[PDB]
*Asks:* 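One structure, pasted below without further comment.
Residues: numbered from 1 along the sequence shown. All heavy atoms count here, side chains included; hydrogens, waters and symmetry mates do not.
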Amino acid sequence: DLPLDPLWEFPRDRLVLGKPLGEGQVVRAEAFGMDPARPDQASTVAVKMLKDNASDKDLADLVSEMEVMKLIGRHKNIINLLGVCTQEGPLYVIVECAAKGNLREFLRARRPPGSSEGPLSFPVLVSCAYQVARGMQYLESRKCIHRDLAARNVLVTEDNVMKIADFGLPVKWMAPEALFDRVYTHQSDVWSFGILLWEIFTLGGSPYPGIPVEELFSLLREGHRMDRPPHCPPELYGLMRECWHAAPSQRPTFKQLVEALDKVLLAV
Ligand SMILES: *CCC(=O)N[C@H]1CCOC[C@H]1Nc1ncc2cc(-c3c(Cl)c(OC)cc(OC)c3Cl)ccc2n1
């Protein structure tokens, strides 16, 4: 028995559920009048709900995620909360559905064969990174630490807009202070962003490729980092490397990443 939030409650009978998207449940669905300024207009959305096997605590976690998404509020470059169903029936949390899946798969699927030019230009790739940096700057301004930023946790819209996912609630993405000291800050997220930038300019590459998940720590400690990937401009590699300074205070801020990437896009 949960409160009725008049800012968020959406009628349970305007929500037509569809095929599962992922188990543990999340279900795609048609929503009628998610935009109250076109209230017969239908839209595809994603709906999180509990599986019948779920404890007192599993309900608490879905409640807190719904509550944190309300508090963080709306931005173009995150998965936005759209509505909830809390009354006389199971708890539904309704959010944006992105047609083209996660950014890792978007890029892999758009690999050209061998040495040929692929549909993803330098500016589109820099734009991807720009949009992720703007999303993270927003989440940081609302006191949200992601803790797991990676191309698999960014989703892509029908219009190729980047949307950070799973910010409500992977050693090769983690800052040294997060690996050894279990310390997560905004600057930890900046390390991860560096890794995500590498992923973008390798079109969805597996970071530290070859290198076993047990040799990494020693390579980082000795001051080793991934090499510049083929065809990546030095300006972009230098941003990755700045992200991978050992000292968190020497990494750029998301604000500075937004400015640097902005400068590159203006220069096209
Ligand atoms: C929209 C059509 C469709 O079915 N798209 C699929 C394409 C391939 O990838 C899976 C589907 N897309 C998609 N889009 C958005 C999703 C959002 C969530 C999600 C997130 Cl990211 C979230 O972040 C805080 C919170 C919640 O619920 C509280 C949810 Cl449901 C999950 C899956 C998504 N899949």
Side-chain angles (χ1 to χ4, degrees), residues 2-22 24 26-29 31-37 39 42-50 52 54-55 58-87 89-103 131-132 134-146 148-150 152-159 161-168 189:
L2 298 172
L4 165 47
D5 185 339
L7 290 169
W8 293 102
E9 198 76 20
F10 181 80
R12 190 178 298 278
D13 68 20
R14 290 226 137 209
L15 193 69
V16 172
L17 304 176
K19 79 154 189 221
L21 288 177
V26 178
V27 176
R28 52 181 303 205
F32 290 99
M34 252 317 160
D35 194 321
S43 64
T44 310
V45 304
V47 184
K48 183 172 293 185
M49 64 182 73
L50 301 164
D52 292 44
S55 69
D58 294 292
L59 179 60
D61 291 352
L62 184 50
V63 163
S64 47
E65 189 179 0
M66 158 180 86
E67 290 307 322
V68 299
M69 286 185 74
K70 289 185 185 170
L71 190 80
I72 283 160
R74 187 168 210 88
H75 191 275
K76 193 194 171 191
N77 293 126
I78 70 176
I79 291 296
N80 291 296
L81 180 66
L82 295 170
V84 298
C85 300
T86 62
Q87 298 295 290
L91 170 51
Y92 298 166
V93 189
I94 309 156
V95 311
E96 282 175 340
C97 199
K100 295 181 182 179
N102 80 59
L103 173 64
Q131 283 171 62
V132 181
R134 278 294 293 273
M136 291 300 301
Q137 173 186 45
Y138 183 74
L139 287 168
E140 169 184 54
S141 88
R142 310 292 304 143
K143 306 197 148 176
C144 171
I145 298 159
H146 195 285
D148 184 20
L149 178 57
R152 72 181 171 264
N153 290 321
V154 176
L155 305 186
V156 182
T157 64
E158 201 66 64
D159 308 3
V161 176
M162 309 293 99
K163 288 197 167 277
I164 310 306
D166 301 338
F167 62 84
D189 278 347

*Asks:* Could you tell me if the side chain of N153 sits less than 4.5 Å from the side chain of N102, heavy atoms only?
*Replies:* no
*Asks:* Quick check: closest heavy atoms across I72 and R142, and the distance to 0.1 Å?
*Replies:* O-NE, 3.2 Å
*Asks:* Are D58 and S55 linked by a side-chain donor-acceptor pair shorter than 3.5 Å?
*Replies:* yes
*Asks:* Distance from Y92 atom OH to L50 atom CG, nearest 0.5 Å?
*Replies:* 10.5 Å
*Asks:* Under 3.5 Å, side chain of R12 to main-chain N/O of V84, donor-acceptor pair present?
*Replies:* no
*Asks:* Do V93 and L81 touch side chain to side chain, with heavy atoms closer than 4.5 Å?
*Replies:* yes
*Asks:* Within the structure provided, determine whether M66 and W8 are in side-chain contact (heavy-atom separation under 4.5 Å).
*Replies:* no
*Asks:* Which heavy atom of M34 sits nearest to which heavy atom of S43, and what is that distance?
*Replies:* CB-OG, 3.8 Å
*Asks:* Partners of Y138 by ring pair (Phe, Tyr, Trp, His ring centres under 6.0 Å), sequence neighbours excluded?
*Replies:* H75
*Asks:* Short question: side chain of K163, backbone of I78 - any donor-acceptor pair under 3.5 Å?
*Replies:* yes
*Asks:* Could you tell me whether the side chain of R28 reaches within less than 4.5 Å of the side chain of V45, counting heavy atoms only?
*Replies:* no
*Asks:* List the steps and the verdict of side chain to side chain contact (heavy atoms under 4.5 Å, CB included) for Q137 and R134.
*Replies:* CA-CA 5 Å; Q137 173 186 45; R134 278 294 293 273; 3.8 Å; yes
*Asks:* Looking at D189 and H146, would you say the former's side chain and the latter's main chain have a donor-acceptor pair under 3.5 Å?
*Replies:* yes
*Asks:* Begin from the C-alpha positions of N77 and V132 and carry the test side chain to side chain contact (heavy atoms under 4.5 Å, CB included) through to its verdict.
*Replies:* CA-CA 7 Å; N77 293 126; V132 181; over 6 Å; no
*Asks:* Evaluate the side-chain proximity of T86 to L91: yes if any heavy-atom separation is below 4.5 Å, no if none is.
*Replies:* yes
*Asks:* Is there side-chain contact between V63 and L2, with at least one heavy-atom pair below 4.5 Å?
*Replies:* yes
*Asks:* Between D159 (side chain only) and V161 (backbone N and O only), is there a donor and an acceptor less than 3.5 Å apart?
*Replies:* no
*Asks:* Measuring from atom CG of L21 to atom NZ of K48, what distance do you get when rounded to the nearest 0.5 angstrom?
*Replies:* 11.5 Å
*Asks:* Could you report the tightest heavy-atom contact between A46 and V26, atom names first, then the distance?
*Replies:* CB-CG1, 4.4 Å
*Asks:* Could you tell me if the side chain of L155 sits less than 4.5 Å from the side chain of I79, heavy atoms only?
*Replies:* yes
*Asks:* Within this structure, what is the CG-CZ distance for the pair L82 and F10, rounded to the nearest 0.5 Å?
*Replies:* 9.0 Å
*Asks:* What's the shortest heavy-atom distance between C97 and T44, and which atoms?
*Replies:* CB-O, 3.7 Å
*Asks:* A side-chain contact here means heavy atoms from C-beta on lying under 4.5 Å apart; do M136 and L149 qualify?
*Replies:* yes
*Asks:* Which heavy atom of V47 sits nearest a heavy atom of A29, and at what distance?
*Replies:* CG2-CB, 3.7 Å
*Asks:* According to the salt bridge (charged side-chain N to carboxylate O under 4.0 Å, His left out) rule, which pairs have a member within residues 69-83, sequence neighbours left out?
*Replies:* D5-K70, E67-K70, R74-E96
*Asks:* Do you know which two heavy atoms are closest between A99 and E158, and how far apart they sit?
*Replies:* CB-OE1, 3.1 Å
*Asks:* Quick check for you: to the nearest 0.5 Å, what is the distance between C85 atom SG and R14 atom CZ?
*Replies:* 12.0 Å
